[PDB]
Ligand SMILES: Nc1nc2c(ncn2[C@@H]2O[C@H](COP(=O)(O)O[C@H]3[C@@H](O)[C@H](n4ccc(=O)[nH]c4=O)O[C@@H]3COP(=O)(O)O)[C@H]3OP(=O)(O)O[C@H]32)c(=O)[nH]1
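Just one chain follows, in the form deposited without the named molecule, and it is written as structure tokens.
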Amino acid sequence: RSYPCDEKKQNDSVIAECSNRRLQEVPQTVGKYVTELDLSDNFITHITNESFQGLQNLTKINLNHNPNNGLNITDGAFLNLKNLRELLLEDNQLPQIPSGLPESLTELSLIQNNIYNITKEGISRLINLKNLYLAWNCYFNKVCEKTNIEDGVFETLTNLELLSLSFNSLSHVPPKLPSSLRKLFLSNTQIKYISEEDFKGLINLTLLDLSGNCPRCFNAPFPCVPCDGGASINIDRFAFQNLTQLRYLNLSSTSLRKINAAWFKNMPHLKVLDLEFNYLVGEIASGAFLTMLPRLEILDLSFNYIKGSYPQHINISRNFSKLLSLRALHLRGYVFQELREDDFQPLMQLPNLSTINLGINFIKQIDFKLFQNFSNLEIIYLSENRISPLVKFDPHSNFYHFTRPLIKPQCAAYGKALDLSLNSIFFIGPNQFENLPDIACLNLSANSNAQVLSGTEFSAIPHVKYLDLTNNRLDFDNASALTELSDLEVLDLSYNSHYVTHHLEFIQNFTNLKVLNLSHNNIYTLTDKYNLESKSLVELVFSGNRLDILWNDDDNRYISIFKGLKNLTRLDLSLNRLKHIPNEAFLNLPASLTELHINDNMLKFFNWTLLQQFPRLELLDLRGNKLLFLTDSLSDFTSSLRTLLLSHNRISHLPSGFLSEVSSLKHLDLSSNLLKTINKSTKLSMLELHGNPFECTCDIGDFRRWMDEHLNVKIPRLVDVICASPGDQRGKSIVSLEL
């Protein structure tokens, strides 16, 4: 049983997860045949020649974030390790590149340190480096005015593919870069001018990142210095002439007013170009450079808005029609009031344009029919505009562009997706959807929408399968509500409330409804019908309502509220303020259930005998309640239960043979209870115990033993399985004990 690390076999290799464990030194416990070692996010202060002693089989070491005046590394501390490929040394407060690194290294990360000098002593021997990360070392510091890069330091790295120096003050592109380079990251490096010489003969470059040099600082969240007179980056016309393989070019926040079309002459494979946070309103109108990009797939022109303006119209050059390979056009934050058919004419002929992103333009009116004249649109993203009712940090994160899909994949997977969340659609006008193509996924989240749903508002787009209505003020009292969407599979009504009683009869009408989310609707009483019914429904989320009130009804009107969901496998009853579930109300939950969540309530007792009525239940989640007792005979009541979650309860006695049958149990979580010991007690593969006030006298020795006798069982966060008493032990791990 690896301590303090968790050792795991994975592909041919073996891994040691040793992070976030309050370690003040490299354990000597570790060993052996471990090939990867993650020691990140600890309290380690020194690395010496004995820190890794006879661990030749190490291939990768992560020492990031140690310690939480910093990490001290002896010269040649790693020189031992003949197979070391990957060494991560981020956020270690290092004042220089450590000396004598093993020339076996193919990846080295030294991000977020205080390295102001890049020397031949440091890296010149590392002739097998493929990837070298030196970002975030001299960034807004008086101490280093300028990162000093010794001449030719990288010329010797003849296998170097990725070089990142972003977020350091360089002033100019270092000379003598190896022609093996494929990706050169130079964001926010204060390089205001790019010569013809700077990227000469980098005939293997696929990616160049020059973002954030001569930044556009208007409304910049982070500290930001423009070039004098907020002038643009200055890029010589021949700066990119030999970069014939460039696929990715990032010129975000370079204060560009104009784009020299000659930059792209020799670059006929450019795929992704981003030009976000510039001043390109004029260029978007004329756009000579657009003729030069017949293979571009992703263009991002977001946030080029002019301060103080709110122009009526967007002006799109007809040259956009030359972007024949365009798949995705991002035009967030241009800021304009209306969108006419003609304005998007150039885009209507692009055969693969599947994503139009017009988020955050505050557009008041759109001629919606224009979206019918596209052959392949799958994603129309119109969040944070102003459509009305129609009656007539992280260094490995993208600092500018996305990181998340525009629309939830589960919604978009159904087909054509339209996102009109956070607009001004305070009710659904009778013409709201009239001119739309056939929408399968629709987001109307957070429009302060107060529509009294009556069965007609969605009839012009009747093939919607995923409908997000969250965070509105809808009335769905009429049993006809939404029934015009006869193919509806997923319906999200989370956080709906009035500008309140409910009638849920509408649910039954759907033949194909799979997932319904009613969370935080504050449901406390139903009118006339007291029973939810559906033959199709697989998943009900009911968290954040008032089942406590519903189930303490004096007439027992709601003892069957869910029984009529005959196909139900997943039910969420979290956050319903439940103290006690009446026995027969529990027995009337669908017998088809596989996953029952009753977490974060106030349950004082749970009738374990009733699991006998749920022969398919695999997962029972009772975390965050007030339960006192566990049955001594679980196996009598289920053979299906695989995961049982009981953390944050008041369990102080673990009945004997609870680790014995039930033998279906694979995962048992008893973290954060009141256990002082485990006494009397296979197939189990995870047992969580951390946060219990263990009493570390000799009574614990039984349990300790059982841990050695069962290495198949996994116990995470062992370091957090802590003695509370007696005082001399208080605060130690139970594993650290002796005799």
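Numbers for residues come from their place in the sequence shown, where the first is 1. Here, rigid core means the biggest group of C-alpha atoms that superpose within 1.5 Å across both forms.
In every other compared PDB entry of this protein that covers both flanking sides, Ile380 is modelled, so it falls short of the one-third threshold for missing coordinates.
Across the other PDB entries of this protein whose models span the neighbouring residues, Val391 goes unmodelled in a third or more. The segment from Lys392 to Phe393 is interrupted, since 10 or more residues of the deposited sequence in that interval carry no coordinates. The segment from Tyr499 to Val500 is interrupted, since 4 to 9 residues of the deposited sequence in that interval carry no coordinates. Stretches 328-336 and 148-156 differ in mean CA B factor, with 148-156 having the higher one. Stretch comparison (621-629 versus 464-472) by mean CA B-factor in the PDB entry places 621-629 on top. Based on the entry's C-alpha B-factors, the most elevated value among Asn278, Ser309, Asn83, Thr206 belongs to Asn83. Take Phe303, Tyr414, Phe399, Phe362 and read off each C-alpha B-factor from the entry; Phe399 has the highest. Compared with the other modelled residues of the chain, the Cα B-factor recorded for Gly70 ranks in the highest third. The entry lists a Cα temperature factor for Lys579 that places it in the highest third of the chain's modelled residues. When the modelled residues of the chain are ordered by their C-alpha B factor, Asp228 lands in the highest third. Sorting the modelled residues of the chain by their CA temperature factor places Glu283 in the middle third. When all modelled residues of the chain are sorted by CA temperature factor, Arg557 is found within the highest third.
Quick note: we don't show the form solved in complex with the named molecule, though the next part is all about it.
With the partner omitted here, the residue from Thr106, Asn625, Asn531, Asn357 that has a non-hydrogen atom within 4.5 angstroms of the named molecule in the deposited bound form is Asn357.
Scanning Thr189, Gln432, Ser302, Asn601 against the named molecule in the deposited bound form with a 4.5 Å heavy atom cut-off leaves one residue, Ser302. Listed stretches are 638-646, 267-275, 551-559, 651-659; the contact stretch with the named molecule in the deposited bound form is 267-275, by a heavy atom cutoff of 4.5 Å. The named molecule in the deposited bound form comes within 4.5 Å of a heavy atom belonging to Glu297.
Although the partner is absent here, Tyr193 sits far enough away that none of its heavy atoms falls within 4.5 Å of the named molecule in the deposited bound form. Mapping the unseen interface onto this chain, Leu406 counts among the residues with a heavy atom inside 4.5 Å of the named molecule in the deposited bound form. For the chain shown alone, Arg85 is not a contact residue for the named molecule in the deposited bound form, no non-hydrogen atom being within 4.5 angstroms.
In the overlay on the core between this form and the one not shown, a shift of 2 Å or more in CA position is seen for a single residue of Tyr248, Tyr524, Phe218, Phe140, which is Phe140. With the core superposed, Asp151 shows a C-alpha displacement below 2 Å between this form and the one not shown. The Cα shift for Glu103 between this form and the one not shown, taken after rigid core superposition, is smaller than 2 angstroms. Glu338: CA moves less than 2 Å between this form and the one not shown after rigid-core fitting.
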